[PDB]
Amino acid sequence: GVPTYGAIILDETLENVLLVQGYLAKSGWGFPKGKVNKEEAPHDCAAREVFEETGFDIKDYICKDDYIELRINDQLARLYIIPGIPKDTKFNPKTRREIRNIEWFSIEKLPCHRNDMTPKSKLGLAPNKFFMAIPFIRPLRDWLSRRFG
C-alpha cells in the first residue's frame, strides 16, 4: 500500500492531542494524515496533509527523527510528533467535504485498545470511534515518557 504521513499535534501541557473526524468510511476520529504523492518527501506529505485537514502549518516545527511509524496490513503510516501547539489555535480544514470536525482530546482518556465482547461470548471487537487513533496511543505515551519524563 501507498505510505501515509501526518502528525500527532500536542498542546503546551502535553495532555491533549488533536484529532480529526471524517465522513463515511472515515467517520470516526483519527490523526490527520494521508497518502504520499509521486516523488514527494515524507515531511512535505505530512505538512501538506495536516494543512489540508486542519489549516495548521507544521512545516516550521517538524523534527526529522520525532515520529511514530506503524505498519498495519502492510501499509506504513508515519506521524510526526509536534508538541507545544497552543490549545487556542484556530483549526479549519480546507475541505468540509472531507473533515467534519477537529477537536482536542485528552491523551489519558483515549483508549489504547478496543474492548472485546467476552461478556457476550462473541469473538471480535466492539466498535470504537477512535479506531484509527488507537494503534498510536500506547506508542505515543511511551515516546512521551522517554522524551519528556
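One-based numbering along the sequence shown.
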May I ask you to compare 50-58 and 87-95 by their mean CA B factor in the entry and name the higher one? 87-95
Return whichever of 78-86 and 40-48 has the greater mean Cα B factor according to the PDB record. 40-48
So if I compare the CA B-factors in the entry for 100, 64, 109, 33, which one is the largest? 64
The third of the chain into which the C-alpha temperature factor of residue 2 falls is the highest
Taking the chain's C-alpha temperature factors as the reference, tell me which third residue 126 falls into: lowest, middle or highest. middle
Going by the recorded CA B-factors, say which third of the chain residue 18 sits in, lowest, middle or highest. lowest
In terms of the CA temperature factor given in the entry, to which third of its chain does residue 10 belong: lowest, middle or highest? lowest
Can you tell me whether residue 24 has a C-alpha B-factor in the lowest, middle or highest third compared with the other modelled residues of the same chain? highest
